[PDB]
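The form deposited in one PDB entry is given below as one chain in structure tokens.
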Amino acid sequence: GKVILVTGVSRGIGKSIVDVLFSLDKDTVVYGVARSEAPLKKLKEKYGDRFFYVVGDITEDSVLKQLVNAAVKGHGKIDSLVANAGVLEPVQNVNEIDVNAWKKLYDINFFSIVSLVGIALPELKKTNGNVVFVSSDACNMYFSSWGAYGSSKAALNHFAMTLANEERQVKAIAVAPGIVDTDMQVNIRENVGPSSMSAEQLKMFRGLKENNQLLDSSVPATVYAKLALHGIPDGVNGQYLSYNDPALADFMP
């Protein structure tokens, strides 16, 4: 009866993370959070007493404490925390940077999680649970106009390594899902791509779709689900890996 908290579960990898979690087990309870009310009420209508949703922006700590205390006031237990919520904008070249937009990007993919763990860490230590970060391949690779988003996940990799080395009662990990057929790649192909992104990387993100090499949302979500359901191995605690790493072969579909 593991209690798993997942962020941004209204679309993309988030909604599938709770979909795979409800497929491998029938006693696991998931507390989700997002900003769109319609797709979150559909998840509870579909799963009933196994899913509970909080509609709000993770940048507001008022709804972060709403998500954590609801799991304690509902089940008195906090096992896993999968940080699967983030934005991509601002997608802009270094010659056209808005710093206040960069902090807005950092307040969702990094500062939102540092505050989220600090609120749920006392409950996570009581179960010796796992903290799984949903990182990205842009933390060590160059991507055009991804200066904010690329360094966004690089700081998450450091926060994953620091958390695993500081409080060893819990275990932290940061795993990149690769390239997944979500609405983010839709934004890369039909909006922020032709505007500010270059030509070489753009035709790659679009050529990888027509030839059908884009992963479905449930392929990497199964890795984050099993890592949140069975636990993180000891030899990879705090490291940064990808979903298809041989060390995580026991978490593949």
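Counting begins at 1, following the sequence as shown. Take the two forms, find the largest set of C-alpha atoms that superpose within 1.5 Å, and that set is the rigid core.
- When the C-alpha B-factors of 91 to 99 and 169 to 177 are averaged, 91 to 99 comes out higher.
- Comparing the deposited coordinates for 194 to 202 and 219 to 227, the stretch with the larger average C-alpha B-factor is 194 to 202.
- Of the candidates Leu43, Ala38, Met184, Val55, it is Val55 whose Cα B-factor is highest according to the PDB record.
- The PDB entry assigns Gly74 a C-alpha temperature factor belonging to the middle third of its chain's modelled residues.
- Split the chain's modelled residues into thirds by C-alpha temperature factor. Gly8 is in the lowest one.
- In the PDB entry, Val63 places in the highest third of its chain by CA B-factor.
- Per the deposited record, the Cα B-factor of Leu24 falls in the highest third when ranked against the other modelled residues of its chain.
- Ranked against the other modelled residues of its chain, the C-alpha B-factor of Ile188 as given in the entry falls in the highest third.
Just so you know, the form deposited in another entry exists too; it's not on screen, but the next bit is about it.
- Considering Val91, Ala120, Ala174, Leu163, one residue stands apart with a C-alpha shift of at least 2 Å between the shown form and the other one following superposition on the core, and it is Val91.
- Annotation: Cα of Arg35 displaced by less than 2 Å between the shown form and the other one, core superposition.
- With the core held fixed, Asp49 shows a CA shift below 2 Å between the shown form and the other one.
- With the core superposed, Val63 shows a C-alpha displacement below 2 Å between the shown form and the other one.
- In the other form, the Cα atoms of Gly193 and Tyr240 sit 3 Å or more farther from each other than they do here.
- Look at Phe143 and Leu105: in the other form their Cα atoms move 3 Å or more farther apart than in this form.
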